[PDB]
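The next block holds one structure in the form of structure tokens; read it before the comments.
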Amino acid sequence: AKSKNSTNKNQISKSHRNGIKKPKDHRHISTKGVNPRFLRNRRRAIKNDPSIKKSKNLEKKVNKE
Amino acid sequence: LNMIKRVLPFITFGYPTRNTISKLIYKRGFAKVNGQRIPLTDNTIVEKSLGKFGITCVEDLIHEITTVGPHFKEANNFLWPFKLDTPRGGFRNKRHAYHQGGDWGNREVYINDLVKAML
Amino acid sequence: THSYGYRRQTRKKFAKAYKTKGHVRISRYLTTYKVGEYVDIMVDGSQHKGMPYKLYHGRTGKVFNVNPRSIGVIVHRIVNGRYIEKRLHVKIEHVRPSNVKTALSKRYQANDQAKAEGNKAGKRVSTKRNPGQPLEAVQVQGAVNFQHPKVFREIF
Amino acid sequence: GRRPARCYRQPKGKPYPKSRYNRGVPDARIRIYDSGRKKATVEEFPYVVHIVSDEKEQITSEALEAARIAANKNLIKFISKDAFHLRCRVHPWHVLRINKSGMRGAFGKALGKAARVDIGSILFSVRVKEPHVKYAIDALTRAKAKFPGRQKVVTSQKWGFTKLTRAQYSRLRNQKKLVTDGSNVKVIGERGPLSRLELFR
Amino acid sequence: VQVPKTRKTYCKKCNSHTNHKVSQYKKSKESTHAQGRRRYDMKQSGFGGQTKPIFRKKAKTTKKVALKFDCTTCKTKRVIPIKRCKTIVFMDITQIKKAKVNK
RNA sequence: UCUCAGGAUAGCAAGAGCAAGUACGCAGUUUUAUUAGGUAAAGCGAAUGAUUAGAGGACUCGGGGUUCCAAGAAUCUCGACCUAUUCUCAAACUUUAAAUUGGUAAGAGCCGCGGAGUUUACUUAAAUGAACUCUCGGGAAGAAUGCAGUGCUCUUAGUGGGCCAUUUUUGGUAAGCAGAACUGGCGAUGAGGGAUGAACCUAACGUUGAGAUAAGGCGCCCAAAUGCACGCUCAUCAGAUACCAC
RNA sequence: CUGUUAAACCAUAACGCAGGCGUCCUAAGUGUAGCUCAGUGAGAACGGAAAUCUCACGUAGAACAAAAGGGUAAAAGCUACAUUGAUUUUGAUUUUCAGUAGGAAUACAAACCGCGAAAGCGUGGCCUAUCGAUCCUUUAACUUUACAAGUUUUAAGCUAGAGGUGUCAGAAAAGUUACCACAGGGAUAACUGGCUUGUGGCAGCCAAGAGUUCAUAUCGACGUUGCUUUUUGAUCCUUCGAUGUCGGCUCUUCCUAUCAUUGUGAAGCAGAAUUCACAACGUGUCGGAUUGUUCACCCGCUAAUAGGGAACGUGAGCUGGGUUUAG
RNA sequence: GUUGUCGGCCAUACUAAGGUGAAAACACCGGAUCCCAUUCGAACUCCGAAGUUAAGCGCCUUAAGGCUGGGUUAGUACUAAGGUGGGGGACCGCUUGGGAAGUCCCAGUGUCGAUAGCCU
Ligand SMILES: [Mg+2]
Ligand SMILES: [Mg+2]
Ligand SMILES: [Mg+2]
Ligand SMILES: [Mg+2]
Ligand SMILES: [Mg+2]
Ligand SMILES: [Mg+2]
Ligand SMILES: [Mg+2]
Ligand SMILES: [Mg+2]
Ligand SMILES: [Mg+2]
Ligand SMILES: [Mg+2]
Ligand SMILES: [Mg+2]
Ligand SMILES: [Mg+2]
Ligand SMILES: [Mg+2]
Ligand SMILES: [Mg+2]
Ligand SMILES: [Mg+2]
Ligand SMILES: [Mg+2]
Ligand SMILES: [Mg+2]
Ligand SMILES: [Mg+2]
Ligand SMILES: [Mg+2]
Ligand SMILES: [Mg+2]
Ligand SMILES: [Mg+2]
Ligand SMILES: [Mg+2]
Ligand SMILES: [Mg+2]
Ligand SMILES: [Mg+2]
Ligand SMILES: [Mg+2]
Ligand SMILES: [Mg+2]
Ligand SMILES: [Mg+2]
Ligand SMILES: [Mg+2]
Ligand SMILES: [Mg+2]
Ligand SMILES: [Mg+2]
Ligand SMILES: [Mg+2]
Ligand SMILES: [Mg+2]
Ligand SMILES: [Mg+2]
Ligand SMILES: [Mg+2]
Ligand SMILES: [Mg+2]
Ligand SMILES: [Mg+2]
Ligand SMILES: [Zn+2]
């Protein structure tokens with residue numbers, strides 16, 4: 001037996017073949033890597049903010065407090 | 001000019017006379033119409049696509065071209081890439097730069113001669 | 001390559017710059033970072049914790065989270081012909097602010113100013129920047145230095 | 001027998017010095033780079049004749065000693081030991097290898113040492129008085145024959161082994177700007193602390 | 001390796017730091033009645049020679065130590081793994097400080 | 001992967017579809033803005049490692065020979081220490097430091113320590129900060145060029161022994177040898193040219209007529225100059241050209 | 001796992017270079033404080049090259065378990081003291097990447113602590129290596145089950161450690177066959193042919209020298225440019241649904257690096273003999289011992305007893321001694 | 001103009017041998033009962049006020065060493081794209097782009113702060 005060990009020849013072209021795919025810029029991004037402190041703050045400051053429209057029963061809870 | 005560094009050996013560019021420009025657009029004139037390749041014959045076409053820019057006429061076209069006025073871009077895209085002919089003069093050497101007696105590069109003024117050979 | 005380890009082939013990239021030995025660099029300690037800022041990421045060898053993988057040295061990321069000792073940044077890596085988002089967490093040490101936005105804001109504000117004033121006068125101002133342009137006609141009156149090609153001489 | 005020089009002529013490798021990565025690299029057959037009267041003053045031997053390798057190649061140390069011994073015998077006999085300083089500019093740093101079942105791994109033991117020479121590098125240098133220039137030019141040429149391919153012989157207008165042109169050298173003689181160590185000359189600048197200059201003795 | 005017999009650490013039941021006796025782990029025997037033993041036997045009965053494989057090639061020279069900690073306060077038990085070691089010596093803090101003083 | 005003639009697995013490929021084909025979007029391109037890098041080179045009177053030449057030296061560290069007389073002093077010879085230099089070098093050296101090249105960007109999802117909000121172990125002495133909401137002020141569209149390849153789903157074939165050229169490369173004396181890098185190509189590919197011939201030169205193919213060409217040619221085999229002008233060459237072994245046959 | 005090959009992001013092959021891992025450490029982890037090491041000059045009983053004590057100078061040239069590279073000076077080094085953060089919950093991130101697992105390491109959020117006045121620092125060793133699934137067993141912790149109902153004893157579970165697979169994504173595994181067999185392979189050896197030419201063979205260049213005198217009549221050291229494919233090696237292109245694999249015999253033809261014969265040039269050519277060179281194969285280049293022999297060695301004649309090629313010329317031309325089935 | 005305190009940059013700040021020193025500070029300086037500290041009150045700590053710019057320290061001096069910046073070096077070395085370019089080759093060179101480093105030259109030699117002060 002004898003073989004060709006590693007060649008990267010055709011792979012670059014193959015990769016450029018259909019273009020290099022880039023992800024979508026999404027206004028709102030996932031929360032990974034963000035600490036819980038800040039996250040709880042967000043949760044609270046959202047729950048209490050009236051200028052942010054909640055669900056009905058939610059607003060009931062918020063308006064009772 | 002920088003984007004031409006890479007293609008220098010595959011192409012000749014030059015600085016055309018207005019005369020050349022005209023000749024090109026009369027003999028080799030074709031227009032890009034909603035994707036179609038349309039022979040430049042009437043002016044109705046120049047009005048159709050470029051009319052609102054203030055291009056009513058072949059002569060106008062030639063003018064924004066030669067002046068390179070306010071709308072060059074659309075004046076150009078309007079113009080189908082020119083499908084030329086075999087030069088009557090042979091090319092000299094295609095491996096060589098016009099400088100070595102070859103053809104690849106800017107023949108600054110000289111492009112005209114070439115165009116003349118191809119028209 | 002027979003060995004693949006977090007620091008492989010890290011020799012001259014991570015060695016401190018000449019005469020940088022033991023520089024504490026208090027400035028990095030004081031730099032303020034905000035969720036939307038653009039950070040440039042640069043490793044220092046004295047500070048071992050929160051070390052990014054060599055690949056990311058000199059990359060420009062966008063900040064995403066802020067932790068007490070560390071800024072979460074965002075970079076992308078081309079992998080098999082596609083881009084993959086990577087969420088980095090860098091200790092303060094290996095991070096510095098990028099001027100890529102600073103330039104932008106400065107420029108913009110000045111430009112906008114100009115346009116507002118012009119709008120006052122009926123003149124439309126354009127902020128579009130044009131690249132190098134073909135040189136305008138010129139007249140030249142000067143002293144002529146006439147050169148002739150030198151003979152060949154051998155200097156030994 | 002030793003492998004033919006035509007094997008190692010072209011420099012196909014990256015440089016293989018005797019290093020702490022090299023065990024049991026042998027010695028080089030050229031141990032002495034200076035012959036003649038080494039004690040002479042720049043004043044005593046004004047003119048230089050150089051062998052300049054015209055080619056890019058690897059010269060074997062053995063080849064060096066060869067060309068050298070030769071040039072030496074020539075010069076000593078035909079003028080006098082007193083009258084020539086012979087210096088070998090090049091040193092044989094590069095180690096050749098030789099692979100002595102099949103190809104299983106070919107990395108060789110150390111064969112010998114060679115000097116890596118590039119086009120225009122001076123191989124040999126001789127300094128002498130005018131009357132003897134030719135003789136020098138002569139023996140050098142002969143040593144060129146102990147050598148792989150092309151090398152050329154030249155006369156420098158600089159002073160001995162010094163960097164100065166004989167004109168600069170002479171002017172600096174006149175002005176008392178010159179200090180003498182052997183083959184070397186020192187030149188005196190305005191940049192020096194005055195505690196040095198001869199006058200504050 | 002030298003491990004102190006007394007050590008202060010966290011206890012979950014006491015929710016604080018306790019003095020724990022530190023001892024090594026001991027694998028206890030295979031109860032004759034575990035389902036595994038049962039099957040092994042039942043397969044192995046009759047014929048078919050031996051059934052399950054026998055492990056012939058063993059590479060390890062060292063076994064990871066399991067520290068058993070017992071809280072003095074609440075009696076609770078907990079196991080921690082430690083890096084590979086050839087030797088393990090347990091020692092009274094008394095004799096440890098005494099040996100450190102001597103050195 | 002008991003895996004090396006095989007399998008899966010991504011990649012490459014076809015068909016059927018979804019979505020407003022954010023064109024203020026896209027790009028194997030430049031430009032502009034902000035930035036990375038330690039390779040080529042160079043450098044070793046600069047660190048690390050080698051390493052030749054001669055001289056000096058108040059002050060020196062020891063050896064030897066000399067001499068005298070005597071044990072000291074005077075003095076030749078060595079090196080080590082500086083003194084000022086000097087020869088030649090490093091892929092597992094490096095201060096310096098390219099070309100080619102890598103990030104990130106070039107605006108309505110913009111800019112502005114102007115406002116009013118929301119936060120029950122978020123931040124601060126601090127309405128301090130922070131993050132998000134509704135407001136206030138300003139903002140010709142914020143480089144060139146191109147778009148007959150918009151993004152995404154779904155199902156799935158074949159493939160998984162490669163080979164060659166330019167340039168760069170490692171082992172090897174070397175090989176039509178054995179290995180690697182970027183771009184191609186050959187395999188999967190015909191046409192004209194290199195007489196000839198996989199990977200060279202031109203050039204990429206539906207059936208057909210005309211014209212003008214590329215590569216290469218125009219004494220005959222052979223379409224087309226025994227054209228028109230220059231320089232050089234006589235071989236009792238002339239010469240006749242890229243890859244090519246030394 | 002480190003530094004190189006590797007060609008300034010990353011990536012990149014070879015039974016390519018130079019090396020390192022299956023451990024070691026209750027401190028060599030963690031913290032606080034103070035100190036500055038290697039080395040150099042001058043100085044002090046025994047004291048001597050070298051023991052301790054001093055001062056001045058010391059960019060780091062020392063030290064930091066382990067290989068290398070990087071990192072470190074009121075410290076990461078040295079000294080002293082204190083302490084178990086080599087701890088409790090989860091999840092995420094980076095490297096390799098099928099962007100599975102596993103190994104490492106990082107950043108968070110909850111705890112419970114240690115050191116320090118305090119800020120602060122501690123989820124192991126300055127950083128980059130030091131490691132291991134399904135089933136089974138064992139252990140820790142838990143108002144899980146034994147399915148008519150209960151109490152026991154016993155037995156099953158859920159979460160997480162340890163017992164291990166070094167062929168390290170992880171089968172329980174010794175030989176022989178010339179008595180041999182099948183599927184295939186020119187993806188791969190043994191013969192020819194091809195590339196190469198080190199090794200072999202054959203020529204030159206320089207000229208130190210040898211030639212009593214004189215480098216080059218005849219040679220040629222130290223070096224160096226080539227040629228050849230009758231040595232050997234290297235490679236693996238063609239042939240594994242077969243190109244019959246040594247030698248001799250027989251016969252034909254070619255080469256010239258000519259052994260003899262023809263005509264010459266040269267000499268350290270008196271003659272004789274010999275040596276060097278040129279035109280040159282036109283013709284010739286033999287008989288036996290021993291050996292299967294190619295070769296080798298001997299006995300002889302001879303003008304001479306040249307060296308080679310032709311699938312290492314020549315098995316549907318022989319022969320079958322050698323080589324390599326089965327005794 | 002000058003000072004202490006805490007500093008960002010970290011030699012244009014360092015190194016060597018010198019000159020100079022208003023004021024106020026800073027220091028050297030005096031002393032060990034007290035908190036603290038060592039083999040030693042040297043240091044660390046504490047309490048002070050007889051002296052003194054001699055130290056430290058500010059500022060300057062050297063055809064100074066170093067460091068910083070420009071010049072030469074040099075369109076040299078290296079390098080991007082093309083080549084049915086040359087050469088037996090090693091290699092060199094033609095067309096279109098980028099473009100270094102040491103010797104030797106010349107200049108520079110700390111800068112930006114918040115805070116409280118001295119010079120009436
Ligand atoms: Mg793709
Ligand atoms: Mg032509
Ligand atoms: Mg081409
Ligand atoms: Mg660096
Ligand atoms: Mg097959
Ligand atoms: Mg598939
Ligand atoms: Mg389709
Ligand atoms: Mg547009
Ligand atoms: Mg690109
Ligand atoms: Mg830079
Ligand atoms: Mg090129
Ligand atoms: Mg190959
Ligand atoms: Mg290329
Ligand atoms: Mg190409
Ligand atoms: Mg095929
Ligand atoms: Mg083709
Ligand atoms: Mg036709
Ligand atoms: Mg004619
Ligand atoms: Mg890989
Ligand atoms: Mg080993
Ligand atoms: Mg400390
Ligand atoms: Mg791996
Ligand atoms: Mg903590
Ligand atoms: Mg396990
Ligand atoms: Mg030979
Ligand atoms: Mg010889
Ligand atoms: Mg074969
Ligand atoms: Mg047959
Ligand atoms: Mg046959
Ligand atoms: Mg002949
Ligand atoms: Mg001869
Ligand atoms: Mg016979
Ligand atoms: Mg045969
Ligand atoms: Mg038998
Ligand atoms: Mg400078
Ligand atoms: Mg130079
Ligand atoms: Zn407890």
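Every chain in the structure tokens takes a letter, A first, then B, and so on in the order presented; its residues are numbered from 1, and the ligands are numbered from 1 following the presented order.
Near chain E, within 7 Å and counting only C-alpha atoms (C1' of nucleotides), the residues of chain G are residues 26, 84, 87, 112, 136, 137, 138, 140, 161, 162, 166 and 172 of chain G.
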Could those residues be written to a file, using C-alpha atoms (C1' of nucleotides), as a PDB file, in the first residue's frame?
ATOM      1  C1'   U G  26      -0.601  18.827  51.713  1.00  0.00           C
ATOM      2  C1'   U G  84      -7.443  23.666  52.041  1.00  0.00           C
ATOM      3  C1'   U G  87     -14.101  22.481  47.890  1.00  0.00           C
ATOM      4  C1'   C G 112     -19.444  27.611  51.615  1.00  0.00           C
ATOM      5  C1'   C G 136     -21.194  -4.999  34.587  1.00  0.00           C
ATOM      6  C1'   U G 137     -19.534  -3.928  39.621  1.00  0.00           C
ATOM      7  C1'   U G 138     -18.800  -0.610  43.732  1.00  0.00           C
ATOM      8  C1'   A G 140     -22.210   8.546  47.650  1.00  0.00           C
ATOM      9  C1'   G G 161     -17.476   9.287  41.272  1.00  0.00           C
ATOM     10  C1'   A G 162     -13.959   4.942  41.046  1.00  0.00           C
ATOM     11  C1'   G G 166      -1.726   2.325  25.609  1.00  0.00           C
ATOM     12  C1'   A G 172     -12.042 -12.073  25.043  1.00  0.00           C
TER      13        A G 172
END
At a cut-off of 7 Å, can you tabulate as a Markdown table every residue of chain D near chain F together with its closest atom pair and the distance in Å to one decimal, using only C-alpha atoms (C1' of nucleotides) and ordering rows by chain then number?
| residue | atom | partner | partner_atom | distance |
| --- | --- | --- | --- | --- |
| D:7 | CA | F:173 | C1' | 4.8 |
| D:17 | CA | F:90 | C1' | 6.9 |
| D:33 | CA | F:52 | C1' | 6.8 |
| D:38 | CA | F:54 | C1' | 6.8 |
| D:39 | CA | F:54 | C1' | 6.0 |
| D:89 | CA | F:87 | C1' | 5.7 |
| D:90 | CA | F:88 | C1' | 5.3 |
| D:91 | CA | F:88 | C1' | 5.1 |
| D:93 | CA | F:89 | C1' | 6.7 |
| D:106 | CA | F:171 | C1' | 6.0 |
| D:107 | CA | F:171 | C1' | 6.5 |
| D:181 | CA | F:55 | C1' | 4.8 |
| D:182 | CA | F:54 | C1' | 4.4 |
| D:183 | CA | F:54 | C1' | 6.2 |
| D:184 | CA | F:85 | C1' | 6.7 |
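Within the 8 Å cut-off around segment 98-109 of chain B, using only C-alpha atoms (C1' of nucleotides) and omitting residues fewer than 2 positions from it on the same chain, the listed residues are residues 8, 9, 10, 11, 12, 13, 14, 15, 16, 91, 92, 93, 94, 95, 96, 111 and 112 of chain B; 94, 95 and 96 of chain H.
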Write out the residues from the selection above, keeping C-alpha atoms (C1' of nucleotides), as a PDB file, in the first residue's frame.
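Ended up saving to selection-v5.pdb:
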ATOM      1  CA  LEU B   8      -3.033  43.629 -17.574  1.00  0.00           C
ATOM      2  CA  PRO B   9      -1.643  40.567 -19.421  1.00  0.00           C
ATOM      3  CA  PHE B  10      -5.122  39.487 -20.566  1.00  0.00           C
ATOM      4  CA  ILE B  11      -6.320  42.786 -21.986  1.00  0.00           C
ATOM      5  CA  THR B  12      -5.475  46.008 -23.767  1.00  0.00           C
ATOM      6  CA  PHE B  13      -6.808  49.311 -22.517  1.00  0.00           C
ATOM      7  CA  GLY B  14      -6.218  52.822 -23.826  1.00  0.00           C
ATOM      8  CA  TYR B  15      -7.435  56.397 -24.074  1.00  0.00           C
ATOM      9  CA  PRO B  16      -9.933  56.659 -26.968  1.00  0.00           C
ATOM     10  CA  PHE B  91      -1.805  41.607 -32.978  1.00  0.00           C
ATOM     11  CA  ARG B  92       1.953  41.803 -32.451  1.00  0.00           C
ATOM     12  CA  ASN B  93       2.705  39.289 -29.632  1.00  0.00           C
ATOM     13  CA  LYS B  94       0.118  38.467 -27.021  1.00  0.00           C
ATOM     14  CA  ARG B  95       2.712  37.159 -24.554  1.00  0.00           C
ATOM     15  CA  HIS B  96       4.386  40.546 -24.532  1.00  0.00           C
ATOM     16  CA  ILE B 111      -5.869  51.909 -28.517  1.00  0.00           C
ATOM     17  CA  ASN B 112      -7.571  53.805 -31.312  1.00  0.00           C
TER      18      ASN B 112
ATOM     19  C1'   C H  94      12.740  42.350 -20.360  1.00  0.00           C
ATOM     20  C1'   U H  95       7.278  44.697 -19.386  1.00  0.00           C
ATOM     21  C1'   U H  96       3.798  46.450 -15.500  1.00  0.00           C
TER      22        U H  96
END
Exercise. Quick one: residues within 9 Å of residue 24 of chain D, only C-alpha atoms (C1' of nucleotides) counted, chain neighbours fewer than 4 positions away excluded, as a PyMOL selection string?
Worked result: chain D and resi 18+109-110
Take the residues that were just selected and, keeping N, CA and C atoms, output them as an mmCIF file, in the first residue's frame.
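out23.cif, freshly written:
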data_model
loop_
_atom_site.group_PDB
_atom_site.id
_atom_site.type_symbol
_atom_site.label_atom_id
_atom_site.label_comp_id
_atom_site.auth_asym_id
_atom_site.auth_seq_id
_atom_site.Cartn_x
_atom_site.Cartn_y
_atom_site.Cartn_z
ATOM 1 N N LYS D 18 27.158 23.119 12.099
ATOM 2 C CA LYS D 18 27.432 22.163 13.146
ATOM 3 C C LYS D 18 26.807 22.785 14.377
ATOM 4 N N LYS D 109 23.986 10.649 7.731
ATOM 5 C CA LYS D 109 24.994 11.082 8.676
ATOM 6 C C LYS D 109 25.735 12.200 7.985
ATOM 7 N N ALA D 110 26.620 12.827 8.739
ATOM 8 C CA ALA D 110 27.376 13.957 8.245
ATOM 9 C C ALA D 110 28.511 13.462 7.362
#
For this session: Provide as number ranges by chain the residues of chain F at most 6 Å from chain A, counting only C-alpha atoms (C1' of nucleotides).
Result: F: 118-119, 122, 133
I need the chosen residues saved as a PDB file, in the first residue's frame, with C-alpha atoms (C1' of nucleotides).
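part15.pdb, freshly written:
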ATOM      1  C1'   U F 118     -38.773  51.030  33.467  1.00  0.00           C
ATOM      2  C1'   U F 119     -35.519  47.730  36.983  1.00  0.00           C
ATOM      3  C1'   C F 122     -28.169  45.006  38.862  1.00  0.00           C
ATOM      4  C1'   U F 133     -39.107  52.242  25.762  1.00  0.00           C
TER       5        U F 133
END
Exercise. What gap, in Å, lies between atom CA of residue 72 of chain E and atom CA of residue 22 of chain E?
Worked result: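 It comes out at 10.8 Å.
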Closest atom pairs, residues of chain C within 6 Å of chain G, only C-alpha atoms (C1' of nucleotides), as CSV:
residue,atom,partner,partner_atom,distance
C:6,CA,G:95,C1',5.5
C:7,CA,G:128,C1',4.5
C:11,CA,G:70,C1',5.9
C:15,CA,G:70,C1',5.7
C:45,CA,G:71,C1',5.8
C:46,CA,G:71,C1',5.1
C:48,CA,G:127,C1',5.9
C:50,CA,G:106,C1',5.3
C:55,CA,G:10,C1',5.9
C:89,CA,G:107,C1',5.6
For this session: Please identify which residues in chain D DSSP calls alpha helix (DSSP H) from the backbone, and express them as a PyMOL selection string.
Result: chain D and resi 61-78+133-144+166-174
For this session: Identify, counting only C-alpha atoms (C1' of nucleotides) and all ligand atoms, the protein, DNA and RNA residues located within 10 Å of ligand 20, and give them as an MDAnalysis selection string.
Result: chainID G and resid 19:21
For this session: Please write out the residues within 12 Å of ligand 35 as an NGL selection string, counting only C-alpha atoms (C1' of nucleotides) and all ligand atoms.
Result: (:F and (95-96)) or (:H and (66-71 or 101-108))
Per-residue nearest contacts of chain H to ligand 11 (12 Å; only C-alpha atoms (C1' of nucleotides) and all ligand atoms) as a tab-separated table:
residue	atom	partner	partner_atom_place_in_ligand_line	distance
H:79	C1'	ligand 11	1 (Mg)	9.7
H:80	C1'	ligand 11	1 (Mg)	8.4
H:81	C1'	ligand 11	1 (Mg)	7.2
H:82	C1'	ligand 11	1 (Mg)	7.7
H:83	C1'	ligand 11	1 (Mg)	8.9
For this session: All residues within 10 Å of ligand 8 are required, counting only C-alpha atoms (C1' of nucleotides) and all ligand atoms; please report them as number ranges by chain.
Result: F: 23-26, 145-146
Could you dump the residues just selected with N, CA, C and O atoms (P, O5', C5', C4', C3', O3' and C1' of nucleotides) as a PDB file, in the first residue's frame?
ATOM      1  P     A F  23     -35.110  44.884  -1.296  1.00  0.00           P
ATOM      2  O5'   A F  23     -34.548  46.010  -2.256  1.00  0.00           O
ATOM      3  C5'   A F  23     -33.946  47.164  -1.711  1.00  0.00           C
ATOM      4  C4'   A F  23     -32.450  47.156  -1.891  1.00  0.00           C
ATOM      5  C3'   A F  23     -31.912  48.165  -2.875  1.00  0.00           C
ATOM      6  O3'   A F  23     -31.846  49.457  -2.284  1.00  0.00           O
ATOM      7  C1'   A F  23     -30.743  46.066  -3.032  1.00  0.00           C
ATOM      8  P     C F  24     -30.956  50.627  -2.914  1.00  0.00           P
ATOM      9  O5'   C F  24     -30.039  51.057  -1.680  1.00  0.00           O
ATOM     10  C5'   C F  24     -29.422  50.076  -0.860  1.00  0.00           C
ATOM     11  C4'   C F  24     -28.853  50.680   0.389  1.00  0.00           C
ATOM     12  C3'   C F  24     -28.677  49.727   1.558  1.00  0.00           C
ATOM     13  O3'   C F  24     -27.448  49.034   1.500  1.00  0.00           O
ATOM     14  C1'   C F  24     -29.786  51.697   2.283  1.00  0.00           C
ATOM     15  P     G F  25     -26.938  48.176   2.756  1.00  0.00           P
ATOM     16  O5'   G F  25     -27.232  46.682   2.286  1.00  0.00           O
ATOM     17  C5'   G F  25     -28.564  46.221   2.079  1.00  0.00           C
ATOM     18  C4'   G F  25     -28.573  44.876   1.396  1.00  0.00           C
ATOM     19  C3'   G F  25     -27.203  44.245   1.171  1.00  0.00           C
ATOM     20  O3'   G F  25     -26.694  43.583   2.328  1.00  0.00           O
ATOM     21  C1'   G F  25     -28.433  44.171  -0.844  1.00  0.00           C
ATOM     22  P     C F  26     -25.233  42.896   2.312  1.00  0.00           P
ATOM     23  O5'   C F  26     -25.436  41.713   1.263  1.00  0.00           O
ATOM     24  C5'   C F  26     -24.401  40.780   1.005  1.00  0.00           C
ATOM     25  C4'   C F  26     -24.415  40.299  -0.431  1.00  0.00           C
ATOM     26  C3'   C F  26     -23.059  40.236  -1.111  1.00  0.00           C
ATOM     27  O3'   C F  26     -22.310  39.099  -0.735  1.00  0.00           O
ATOM     28  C1'   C F  26     -24.600  41.263  -2.562  1.00  0.00           C
ATOM     29  P     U F 145     -18.886  53.985 -11.028  1.00  0.00           P
ATOM     30  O5'   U F 145     -18.652  52.486 -11.518  1.00  0.00           O
ATOM     31  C5'   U F 145     -17.404  52.076 -12.069  1.00  0.00           C
ATOM     32  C4'   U F 145     -17.296  50.575 -12.126  1.00  0.00           C
ATOM     33  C3'   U F 145     -18.603  49.828 -12.302  1.00  0.00           C
ATOM     34  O3'   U F 145     -19.064  49.817 -13.639  1.00  0.00           O
ATOM     35  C1'   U F 145     -17.348  48.803 -10.610  1.00  0.00           C
ATOM     36  P     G F 146     -20.612  49.489 -13.962  1.00  0.00           P
ATOM     37  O5'   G F 146     -20.725  47.943 -13.619  1.00  0.00           O
ATOM     38  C5'   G F 146     -20.169  46.960 -14.484  1.00  0.00           C
ATOM     39  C4'   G F 146     -20.249  45.589 -13.868  1.00  0.00           C
ATOM     40  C3'   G F 146     -21.657  45.031 -13.704  1.00  0.00           C
ATOM     41  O3'   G F 146     -22.079  44.323 -14.848  1.00  0.00           O
ATOM     42  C1'   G F 146     -20.456  44.837 -11.655  1.00  0.00           C
TER      43        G F 146
END
